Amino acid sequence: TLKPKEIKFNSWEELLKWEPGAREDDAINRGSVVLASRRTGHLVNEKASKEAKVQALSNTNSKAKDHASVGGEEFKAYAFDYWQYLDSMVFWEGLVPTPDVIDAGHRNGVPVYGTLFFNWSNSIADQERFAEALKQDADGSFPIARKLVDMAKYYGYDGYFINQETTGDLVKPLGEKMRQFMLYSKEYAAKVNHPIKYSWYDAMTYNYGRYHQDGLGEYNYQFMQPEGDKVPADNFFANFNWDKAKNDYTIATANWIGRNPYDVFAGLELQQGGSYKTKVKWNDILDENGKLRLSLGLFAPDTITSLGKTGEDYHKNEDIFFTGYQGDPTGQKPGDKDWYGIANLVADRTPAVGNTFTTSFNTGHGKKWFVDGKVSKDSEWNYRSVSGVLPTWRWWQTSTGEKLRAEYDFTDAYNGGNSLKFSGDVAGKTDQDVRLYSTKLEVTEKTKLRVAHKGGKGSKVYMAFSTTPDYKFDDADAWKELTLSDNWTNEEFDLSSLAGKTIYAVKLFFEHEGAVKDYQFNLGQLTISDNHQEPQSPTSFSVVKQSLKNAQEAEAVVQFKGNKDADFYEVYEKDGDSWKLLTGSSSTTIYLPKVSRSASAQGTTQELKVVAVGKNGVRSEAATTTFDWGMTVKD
């Protein structure tokens, strides 16, 4: 079997037999992107909190039988890109997050956790499954804790959410061991140089089995109680039926035991509630100033995919959820809505830090895959391992008059599946901007800007940078006019005049001198970097496995050696006279679900190539290999 699959264990004995590398799809299942650092920028919303956090508990993956752990040949996906508002992403469906989610989260500076789920049950079988997890060696260590930590290290993820819903007589006396399991895990993770965090559901009490407090209280505080420095649960997920009094209690309890109240995440039941249609007791969790007094736990926000029919609808619905109905993260909840956008209440963060930042707005899925503005893969995909860094703000706009509509464009892109489009009927002379990214990028004599764009007929368009933390765009050396045309162009600008300064934000600015019917401008790629070099080509590239369906269709797995300058890799086949992209991945082992030849294909072999796409946005020279069909298409 070539297709990589989610990792699932039928028993604790099976987990105890786990060893690094002992599964045929391990090379693909490992995360490949190290967890990025993030900056917390200046607040842009007067009601936002830098203390309040958001944890998402999401069913991230297809449920289709025989779906791949890396994605698939379908556009519709939980192509999450609102990482800027998340503390963490919980992979709800299983113990071991898939590489497509680990990679996307890590590139965006967000930790990803597996889920250790004990069934809502009092069956002896379930009670025993729970007790069995807490088996100890003579020295008091927990062998299952070691395997959890070992897996987190090997596959490259950040810890676990524990949902302990099993109850009954055998469960009740096990609070102490469960607490010690979590503390021991920390000791062991430190020992193996791979720290992990635990998030803990408000379910199993210390002494009385399952009982939801809807908060932190007298029956569950032990799970958050510190051992000086160390803690058992890092994060606590409060059950959904909180209120003012329960929240007051939670805060009192956290403070008393010496924990930050914001480590308590007040649950929102978004599955039964319908995503942003969920009734929340906002008045019970907002203080006198309209600011959050606890964190927010998002239960099943993946539900939002049910609210639209298309993949384009997925992102628009996420906008309502994360930004708010008012459509601008600097604005307040409309008077005729109940839902607060996350951005209304929670400060954004940004992984766009250092001397290099690049993006082509790759959301990890598309209808097609574009290569320098030309269709290369002419069909749908989701491979979230390649997910990039989308705008911090969606959409922070100011205008002298009317505002252009900003949206993702899955019909035309520069690299990957979509660009950003800014469009509308312009009624008359107007100046306006769109503030896109919060950043902290150090400029040197070697720093350049590369910007790929298209359209803008009837306007002047500029990109401008703020060199202050409070996002003022008053620096004359930080404005660049774009040279517009009807086709994709990629322009480089010298940023050396800004050497020694720091860029804190990026915006577009539009001038229209009069009316323009169906104005459109696309932004396709943005790079700020002191590196203009092609990354080195991959080496030692080969087909390591294959399975022909027929003479025209095969699965394959390819492997190669990369380098530190590569952000991710693209694999292509030569289809007649044309190279066509198959897939992309952050990994150096890559599954090809369909290598294909037409009816007119000549010979018994077919060329494949792999290209490194740099952290600086530049492609390497290709490495090539030959796929051997062993037969002609007419044989």
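For every residue, the number given is its place in the sequence shown, counted from 1.
Averaged over their C-alpha atoms, the temperature factors of 484-492 and 279-287 are higher for 279-287. Comparing the deposited coordinates for 448-456 and 288-296, the stretch with the larger average C-alpha B-factor is 288-296. Set against one another, the Cα B-factors of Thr468, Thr358, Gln164, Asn415 in the record reach their highest point at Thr468. The PDB entry gives the largest Cα B-factor of the residues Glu128, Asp87, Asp81, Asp139 to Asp139. Among all modelled residues in this chain, the alpha-carbon of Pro535 has a temperature factor (C-alpha) in the highest third. Annotation for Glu93: C-alpha temperature factor in the highest third relative to the rest of the modelled chain, per the entry. Ranked within its chain, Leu268 lands in the middle third, by CA B factor from the PDB record. Among the modelled residues of its chain, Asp567 has a C-alpha B-factor that falls in the lowest third according to the deposited record. The entry lists a Cα temperature factor for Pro301 that places it in the highest third of the chain's modelled residues.
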